Amino acid sequence: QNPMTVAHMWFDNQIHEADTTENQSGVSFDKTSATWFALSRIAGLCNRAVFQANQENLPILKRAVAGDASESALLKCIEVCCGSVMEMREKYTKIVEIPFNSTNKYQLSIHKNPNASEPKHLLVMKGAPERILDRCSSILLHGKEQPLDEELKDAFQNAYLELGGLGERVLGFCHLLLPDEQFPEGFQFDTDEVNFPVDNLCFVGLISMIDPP
């Protein structure tokens, strides 16, 4: 029906600025970055949509995408952020990728990291933001971790509530960085015998996806 995008983001435990780049420009926030990188590592890989029309001088959007209208948003807002996405799908190996096809209906995709601070195998996924929270063992602020607690649920709640929740529009974007110390160097999870955890996750941050009629 109408054009869509990120709208907003939350990760600082209190929402944050973004500022719609047309009239003004947002500057001078607390540039914490570590939480950004962590979120970006999800918000790049963990998508199944692409551009249709590549373009030059226009909005990278141009209502011109192939793939589901929750997952495409980040791609557009990250690509123009020089956060090379159609590259990174090939940077990592794509151990596995499960579609909608699981018990609580999520989608997930496991990838080995070639070279970054994070450990080798990485897990990323999405579903309802509440359902991410359900599986969150901690939250990530200032590039640390904090032990997730009622206070930190609250800080997410009021945020999600303000984002104007209705059902399954917003997304929860989390990881748990599959510990290559416990996990094997053969990473034979597959999509059949996975036997992986789904409930260690970090809250890292979220955005505010739309999916209007």
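Residues numbered from 1 in each chain as written, not as in the entry; some residues may be left out. Heavy atoms only, no water.

For this entry, the PDB record names solution NMR as the structure determination method.

*Asks:* It is not clear to me how the overall build of the chain should be interpreted in this structure. Could you clarify?
*Replies:* Counting its secondary structure elements, the chain contains five helices and nine strands. Its helices and strands taken in sequence order, the chain reads α-β-β-α-α-β-β-β-α-β-β-α-β-β from the N to the C terminus. In terms of overall dimensions, the chain has a C-alpha envelope of 50 × 40 × 35 Å along the principal axes. A total of 213 residues make up the chain; the buried ones form 43% of that total. By sequence separation, contacts in the chain at least 24 residues apart represent 70% of the contacts at least 6 residues apart. Looking at the chain as shown, the accessible area adds up to about 12,600 Å², and 45% of this sits on carbon and sulfur atoms. Charged side chains in the chain number 18 positive and 30 negative. The centres of these two groups are separated by 6 Å. (Helix = DSSP H or I, 4+ residues; strand = E, 2+ residues; numbered from the N terminus. Buried < 20%, exposed > 50% of the residue type's maximum accessible area, 1.4 Å probe, protein only. Contact = heavy atoms within 4.5 Å. Areas by Shrake-Rupley, 256 points an atom, 1.4 Å probe, with all protein chains shown as cover. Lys, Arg positive; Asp, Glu negative; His and termini not counted. Charge placed at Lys NZ, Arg CZ, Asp CG, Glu CD.)

*Asks:* Where do I start with the pairing of strand 6 (residues 136-139) in this structure?
*Replies:* In the case of a regular strand, side chains alternate between the two sheet surfaces. Sheet analysis places strand 6 next to strand 9 (residues 201-202), joined by two bridges and oriented parallel. Residue pairing across strands places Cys 136 opposite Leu 201, the latter belonging to strand 9. Of the pairings in the sheet, the one linking strand 6 to strand 7 (residues 146-147) comprises two bridges and is antiparallel in character. Opposite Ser 138, over in strand 7, you have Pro 147 as the bridge partner. What sits between the antiparallel neighbours strand 6 and strand 7 is a turn of six residues, in which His 142 has the positive phi angle 55°. (Pairing = 2+ DSSP bridges.)

*Asks:* I would appreciate a short explanation of the pattern of salt bridges in the present structure.
*Replies:* Side chains that carry opposite charge are capable of pairing whenever their charged atoms lie near each other. Considering all chains together, one arrives at six salt bridges under this definition. Ionic pairing is found between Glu 90 and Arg 89, a salt bridge with its closest N-O pair at 3.0 Å. We classify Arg 89 as exposed; its relative accessible area is 56%. In this structure, the salt-bridge partner of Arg 169 is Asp 211, at a minimum N-O distance of 3.5 Å. Placement of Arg 169 in the loop between helix 5 (150-162) and strand 8 (174-175) and of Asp 211 in the segment after strand 9 is noted, with a sequence separation of 42 residues between them. (Salt bridge = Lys/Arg side-chain N within 4 Å of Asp/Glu carboxyl O.)

*Asks:* Please clarify how the pairing of strand 4 (residues 107-112) should be interpreted in this entry.
*Replies:* With five of six residues buried, strand 4 lies mostly within the body of the structure. The pairing of strand 3 (residues 96-98) with strand 4 spans three bridges and is antiparallel. Each bridged residue has a counterpart across the sheet, and for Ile 98 the counterpart in strand 4 is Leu 108. One ladder, built from six bridges, connects strand 4 with strand 5 (residues 121-126); its direction is antiparallel. Paired with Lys 112 across the bridge in strand 5 is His 121.

*Asks:* Please explain the packing of aromatic side chains as it appears in this structure.
*Replies:* The relative placement of two aromatic rings is captured by the distance of their centres and the angle of their planes. A complete count under the given rule lists five aromatic pairs for this structure. Members of the aromatic cluster, each reached through a chain of ring pairs, are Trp 10, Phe 156, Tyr 160 and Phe 203. (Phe/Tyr/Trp six-rings, centres within 6.5 Å; stacked < 30°, edge-to-face > 60°.)

*Asks:* Please explain the state of the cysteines as it appears in this structure.
*Replies:* In protein structure, a disulfide is the covalent linkage between the sulfur atoms of two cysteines. Taken as a whole, this structure holds zero disulfides when the rule is applied. Among the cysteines around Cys 46, which has no disulfide bond, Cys 174 carries the closest sulfur, lying 8.1 Å off. You can call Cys 46 buried: its relative accessible area is 2%. The thiol of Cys 202 is unpaired, and the distance to the nearest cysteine sulfur, on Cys 136, comes to 6.9 Å. (Disulfide = S-S within 2.5 Å.)

*Asks:* Would you mind showing me how to read helix 1 (residues 34-45) here?
*Replies:* Given 3.6 residues to a turn, an α-helix orients residues that are three or four positions apart in the same direction. Between its first and last C-alpha, helix 1 extends 17 Å over 12 residues, near the 16 Å set by a 1.5 Å rise per residue. Against the buried residues of helix 1 lie helix 2 (72-79), helix 3 (85-91), strand 4, strand 5 and strand 8. (Expected span 1.5 Å × (residues − 1).)

*Asks:* Which parts of the structure should I look at to understand the environment of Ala 69?
*Replies:* Mapped onto the elements of the fold, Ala 69 is located in the loop between strand 2 (65-67) and helix 2. When its relative accessible area of 36% is taken as the criterion, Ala 69 is described as partly exposed. The spatial distance from the C-alpha of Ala 69 to the C-alpha of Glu 56 is 22 Å, given a sequence separation of 13 residues.

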